[PDB]
Amino acid sequence: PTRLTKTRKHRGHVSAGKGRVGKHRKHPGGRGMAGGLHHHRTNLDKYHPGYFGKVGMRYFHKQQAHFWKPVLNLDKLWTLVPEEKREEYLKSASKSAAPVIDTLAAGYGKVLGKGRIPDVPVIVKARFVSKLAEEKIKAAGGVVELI
Amino acid sequence: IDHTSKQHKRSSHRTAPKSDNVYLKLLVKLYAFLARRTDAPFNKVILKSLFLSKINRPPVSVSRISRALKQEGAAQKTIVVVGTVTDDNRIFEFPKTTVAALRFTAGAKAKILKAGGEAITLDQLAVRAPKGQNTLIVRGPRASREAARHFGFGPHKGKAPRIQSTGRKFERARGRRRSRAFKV
Amino acid sequence: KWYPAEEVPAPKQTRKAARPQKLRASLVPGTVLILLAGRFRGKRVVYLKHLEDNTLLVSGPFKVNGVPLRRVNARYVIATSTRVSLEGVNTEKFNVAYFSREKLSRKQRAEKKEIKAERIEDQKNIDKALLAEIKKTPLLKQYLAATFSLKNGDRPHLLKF
Amino acid sequence: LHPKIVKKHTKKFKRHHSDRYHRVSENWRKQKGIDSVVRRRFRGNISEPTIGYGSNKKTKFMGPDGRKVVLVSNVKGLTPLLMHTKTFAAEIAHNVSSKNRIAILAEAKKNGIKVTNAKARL
Amino acid sequence: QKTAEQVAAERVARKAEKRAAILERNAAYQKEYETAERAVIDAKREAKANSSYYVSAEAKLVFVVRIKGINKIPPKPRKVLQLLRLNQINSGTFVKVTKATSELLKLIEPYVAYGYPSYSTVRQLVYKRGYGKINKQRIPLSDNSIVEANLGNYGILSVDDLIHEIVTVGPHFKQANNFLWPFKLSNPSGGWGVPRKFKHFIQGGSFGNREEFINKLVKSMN
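Protein chains in written order, with the deposited numbering: chain aa, 2 to 148; chain QQ, 3 to 186; chain EE, 6 to 116, 126 to 175; chain ee, 5 to 126; chain FF, 20 to 241.
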């Protein structure tokens with residue numbers, strides 16, 4: 002909408018809302034990140050830090066797949082169990098009949114223990130686990146199978 | 003004439019909803035009617051909390067609601083939310099309760115109704131509770147928004163700089179460690 | 006979208022009573038009055054009665070100065086100090102009705127009307143009595159005939175009338 | 005018992021230097037000028053229009069009669085103003101055939117609606 | 020809806036009771052003023068007989084009229100002219116004199132007139148240009164049942180009963196005078212009785228303290 006934009010509303014007023022001393026010249030501070038170390042350091046020492054120099058080692062040809070491992074919290078965990086078939090399990094698995102949760106197939110790597118599951122046993126299947134995540138599953142009743 | 007203060011200073015308060023939303027302007031009208039004529043504190047609150055913008059009415063999780071019930075001497079109170087009530091699967095045993103909200107999600111409407119509870123809307127809340135008899139107003143957490151982390155940035159405020167991406171090679175060197183000049 | 010309401014206006018119960026005109030102390034019945042304004046401006050006259058429409062019923066005898074039995078507004082008059090005693094004058098039947106009036110038709114143009131017999135007779139019955147009182151004190155009849163006018167070397171703010 | 009329709013500032017707000025240069029129109033414009041004597045309100049210059057000048061809300065949009073002026077075009081456009089004869093005053097629009105005017109005016113005089121023009125070409 | 024015309028016979032009876040109670044105060048206050056006036060006269064006289072000079076008590080109550088208009092005042096006595104609430108020109112107060120408030124008067128001494136008014140003056144102000152500060156808002160004192168509603172907590176159940184609290188400087192002066200909205204006196208009908216308003220009372224000009232020549236003035240500015 003051009004009607005609604007503020008430049009319509011400026012029409013008549015000399016300076017288009019850019020002032021008269023300061024003119025609205027073209028690139029009066031340089032371009033696009035310039036004088037970062039010079040005359041913008043002020044702004045680059047607030048509002049950014051870290052913004053110069055090279056911390057840390059390199060990785061040539063870092064494929065973004067060896068760095069996959071998307072987490073899954075133990076709170077969430079049960080959501081990977083089907084919606085209809087949940088009502089039933091969460092109120093009575095009673096060992097040796099536990100709803101297997103394949104986190105991998107559900108698109109997760111590490112099961113990683115934030116929240117607090119119920120006392121119902123699970124049998125999780127996962128590529129990784131937090132020390133605690135296991136501890137929380139074992140103490141609940143289930144186990145972590147690795148894959 | 004010497005003015006102490008700034009003259010014609012506006013409210014600084016949504017007196018009306020900048021929302022266009024027909025129905026919500028019914029739901030104001032009714033609560034405005036009440037606020038005035040009841041002289042119940044509670045109605046003046048609801049009326050204000052209708053006008054809040056979306057940012058300021060953040061979603062109350064049916065988990066949170068549960069906590070606000072587990073409070074002492076409040077397990078039977080009618081939880082008035084003014085905002086969305088969102089489903090939360092981190093909790094399990096969500097108790098049997100009435101809840102007025104502006105909008106529920108089909109997760110949370112079902113998760114309440116499964117318990118034996120009652121998903122109400124703010125008009126139905128008005129019928130049952132004009133003055134706000136046994137209500138218990140819940141608000142979502144306003145300070146935990148993805149913007150508000152960036153708000154008030156600087157040395158050494160302990161806050162989030164605005165960056166698209168990501169981790170290292172992105173505001174982790176000069177001015178983020180003694181080893182590259184200084185630590186902010 | 007609106008279109009205003011066509012119900013009229015009822016006026017508020019206004020709090021104004023109709024108390025009577027209190028005149029200035031100079032205007033005592035019998036007083037000679039100079040009409041400042043009107044058909045007979047200048048003409049000294051006599052103030053016979055304060056009528057109910059806040060108008061001084063006046064004559065100045067028509068037989069003396071050609072100023073008839075006539076209403077005159079208090080404010081267009083100067084009360085002189087001089088009076089003629091009005092003990093032998095009727096003035097009872099004179100009132101606002103006496104000067105009933107009709108804005109007849111509303112004709113204009115193309116080309126001394128009359129005067130009712132009762133109007134002329136009541137001129138006489140008042141005048142005839144007045145002339146007897148006026149003839150007592152000297153040159154008063156002569157005074158009433160002549161018309162008032164400010165001369166040069168007059169200063170109305172100092173004329174005591 | 006209606007308020008007298010006073011207009012505050014009847015004189016037209018002609019633009020500064022409307023007379024001076026022909027290129028400038030008599031239609032109002034705020035002098036934005038930095039110098040400007042109109043802008044600065046120097047005694048002896050034109051009155052710039054201001055909300056102060058506005059007319060009383062009772063008497064606003066009301067003409068000489070005390071009647072708002074609705075633009076009528078056909079008879080069906082006149083039918084909203086039927087009971088409201090004292091507060092409205094049809095103006096049969098410019099762009100209407102003489103033979104249509106004749107029909108509207110009849111159905112305005114039937115319903116007692118004061119028509120502002122008409123007059124009626126002749 | 021029904022029995023509403025009986026409530027007129029109810030409430031007007033309670034008001035016929037109040038107007039008596041308001042009368043019997045105002046009769047007493049009149050006795051209080053005339054005796055307190057006399058008792059200073061008598062005290063002056065009795066003492067004069069005995070060789071001794073009786074000194075009058077310092078003026079409890081002071082009335083600050085702003086003189087100078089807003090717009091070239093320094094910051095400090097602008098702040099103080101904001102604390103007395105003399106934000107216009109030609110505006111008034113009643114400031115209960117102390118040391119504290121003497122020294123506020125010493126800051127603004129060339130932008131104000133002031134002095135020690137009288138019942139008469141305080142009376143003439145309050146009936147004419149007396150307004151309340153009623154939910155912020157400049158509501159006038161019109162009818163003494165309004166003052167009653169506002170200040171009824173601190174006593175003060177008529178406009179005259181407020182005047183009392185001003186004139187005498189009662190213990191509820193602070194609420195009476197904050198309820199009384201600042202006076203907006205006109206310009207003095209006589210004139211300032213000078214040529215140059217901004218000078219002080221020894222130098223002709225209308226500013227500063229002028230003990231009792233405030234009464235003469237304000238009665239005109241009213």
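Cβ coordinates follow ideal geometry from the N, Cα and C atoms, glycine included.
Three-state secondary structure (DSSP) of residue i
{"i": "EE:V72", "result": "coil"}
{"i": "aa:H14", "result": "coil"}
{"i": "EE:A84", "result": "strand"}
{"i": "EE:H55", "result": "strand"}
{"i": "EE:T36", "result": "strand"}
{"i": "FF:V166", "result": "helix"}
{"i": "FF:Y146", "result": "helix"}
{"i": "FF:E56", "result": "helix"}
{"i": "QQ:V62", "result": "strand"}
{"i": "QQ:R164", "result": "coil"}
{"i": "EE:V77", "result": "strand"}
{"i": "EE:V50", "result": "strand"}
{"i": "EE:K142", "result": "helix"}
Same chain only: Cβ atoms within 6 Å of residue i, ignoring 5 sequence neighbours per side
{"i": "aa:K132", "result": "none"}
{"i": "QQ:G109", "result": "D89"}
{"i": "aa:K137", "result": "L75 and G114"}
{"i": "aa:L73", "result": "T104, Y109 and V112"}
{"i": "QQ:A131", "result": "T137"}
Cβ separation of residue i and residue j, assumed to be a contact under 8 Å, to the nearest whole Å
{"i": "QQ:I114", "j": "QQ:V64", "result": "6 Å"}
{"i": "ee:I55", "j": "ee:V42", "result": "So it is not a contact: roughly 17 Å between Cβ atoms."}
{"i": "EE:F67", "j": "EE:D141", "result": "6 Å"}
{"i": "ee:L75", "j": "ee:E95", "result": "6 Å"}
{"i": "QQ:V47", "j": "QQ:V87", "result": "Wrong, their Cβ atoms sit about 17 Å apart, outside the cutoff."}
{"i": "ee:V119", "j": "ee:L109", "result": "6 Å"}
{"i": "FF:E167", "j": "FF:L160", "result": "No, FF:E167 and FF:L160 are not in contact; Cβ-Cβ is about 10 Å, not under 8 Å."}
{"i": "FF:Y52", "j": "FF:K63", "result": "Not a contact, Cβ separation roughly 17 Å."}
{"i": "FF:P190", "j": "FF:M240", "result": "Rounded, the Cβ-Cβ distance is 29 Å, inconsistent with contact."}
Same chain, Cβ closer than 7 Å to residue i, five either side skipped, listed in chain order
{"i": "FF:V114", "result": "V81, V83, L103 and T120"}
{"i": "aa:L81", "result": "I102, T104 and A107"}
{"i": "aa:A94", "result": "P100, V121 and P122"}
{"i": "QQ:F184", "result": "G177"}
{"i": "FF:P96", "result": "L126, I127 and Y130"}
{"i": "ee:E30", "result": "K18, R19 and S22"}
9 Å Cβ cutoff met for residue i and residue j
{"i": "FF:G227", "j": "FF:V131", "result": "yes"}
{"i": "aa:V121", "j": "aa:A99", "result": "yes"}
{"i": "EE:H55", "j": "EE:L74", "result": "no"}
{"i": "ee:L85", "j": "ee:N115", "result": "yes"}
{"i": "QQ:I57", "j": "QQ:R144", "result": "yes"}
{"i": "FF:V99", "j": "FF:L123", "result": "yes"}
{"i": "FF:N163", "j": "FF:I41", "result": "yes"}
{"i": "QQ:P157", "j": "QQ:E173", "result": "no"}
{"i": "EE:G35", "j": "EE:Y81", "result": "no"}
{"i": "FF:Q49", "j": "FF:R85", "result": "no"}
{"i": "FF:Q156", "j": "QQ:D4", "result": "no"}
{"i": "QQ:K98", "j": "QQ:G75", "result": "no"}
{"i": "FF:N109", "j": "FF:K203", "result": "yes"}
{"i": "EE:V50", "j": "EE:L40", "result": "yes"}
{"i": "aa:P119", "j": "aa:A140", "result": "no"}
Selection from the options that minimises the alpha carbon distance to residue i
{"i": "FF:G134", "options": "FF:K155, FF:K79 and FF:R215", "result": "FF:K79"}
{"i": "EE:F99", "options": "EE:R114, EE:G71, EE:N139 and EE:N70", "result": "EE:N139"}
{"i": "FF:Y146", "options": "FF:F232, FF:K238 and FF:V26", "result": "FF:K238"}
{"i": "FF:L170", "options": "FF:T187, FF:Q156, FF:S161 and FF:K152", "result": "FF:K152"}
{"i": "QQ:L36", "options": "QQ:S146, QQ:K56, QQ:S68 and QQ:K133", "result": "QQ:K133"}
{"i": "ee:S40", "options": "ee:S29, ee:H26, ee:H21 and ee:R125", "result": "ee:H21"}
{"i": "EE:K48", "options": "EE:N166, EE:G35 and EE:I83", "result": "EE:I83"}
{"i": "residue 124 of chain EE", "options": "EE:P25, EE:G93 and EE:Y157", "result": "Note on chain EE: consecutive modelled numbers read 116 then 126, so residue 124 of chain EE has no coordinates in the structure shown."}
{"i": "QQ:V30", "options": "QQ:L54, QQ:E120, QQ:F155 and QQ:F153", "result": "QQ:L54"}
{"i": "FF:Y150", "options": "FF:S137, FF:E56 and FF:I165", "result": "FF:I165"}
Chain-ordered chain B contacts of residue i [CB-CB under 8 Å]
{"i": "ee:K90", "result": "No chain B is present in this structure, whose protein chains are aa, QQ, EE, ee and FF."}
Cβ-based neighbour list, residue i, same chain, cut-off 8 Å, excluding 5 preceding and 5 following
{"i": "FF:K193", "result": "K115"}
{"i": "ee:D69", "result": "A93 and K118"}
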